[PDB]
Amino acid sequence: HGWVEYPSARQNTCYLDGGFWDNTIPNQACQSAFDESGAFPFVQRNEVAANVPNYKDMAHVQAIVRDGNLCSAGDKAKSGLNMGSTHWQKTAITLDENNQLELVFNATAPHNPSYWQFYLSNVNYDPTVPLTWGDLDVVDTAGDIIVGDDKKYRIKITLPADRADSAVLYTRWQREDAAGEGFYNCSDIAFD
């Protein structure tokens, strides 16, 4: 259980902006998600999750987390997260001298053994259309990472230095257990 804290996952930004209990939501993409799903996806910021027992087989992953449902990890109760918008708030990204950023994943329930896959929407992706697997390229992977003493995972990832547009970073954190729990988060970013 957890979420991408930096660059903040979509549902985490919605949550931390607040307003959804008293009709003061500040952002119009956050409002539209709320209109479709209510507060559930925001208060459940740490369980954007799907179980894939055959987790090493991407054909099995894509049968469970289906095109147009990646940001909700296939949960219809979180479907508002998947809506296309020009107004999703973006984290401005400047890569370090090695073309990296430190991704920070805040875990309420650390899980090991596990592994990580990082995907990036391609330059032809239209943010007004829900994300599909065909929109994504794998940019980096990680193995079993020990959680910090502050219950955050820190992972240096390499991103392309040729990008200057807005994109979705798609983080997959996969447990290596019988049930095959995995956590799927979309992070809206603006390369600058």
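When you see a residue number, it is the position in the sequence shown, counting from 1.
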Mean Cα B factor from the PDB record: higher for 53 to 61, or higher for 154 to 162? 53 to 61
Return whichever of 19 to 27 and 167 to 175 has the greater mean Cα B factor according to the PDB record. 19 to 27
Largest Cα B-factor, entry values, listed residues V129, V48, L70, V123: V123
For the C-alpha B-factor as written in the entry, point me to the maximum among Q117, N82, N98, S114. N98
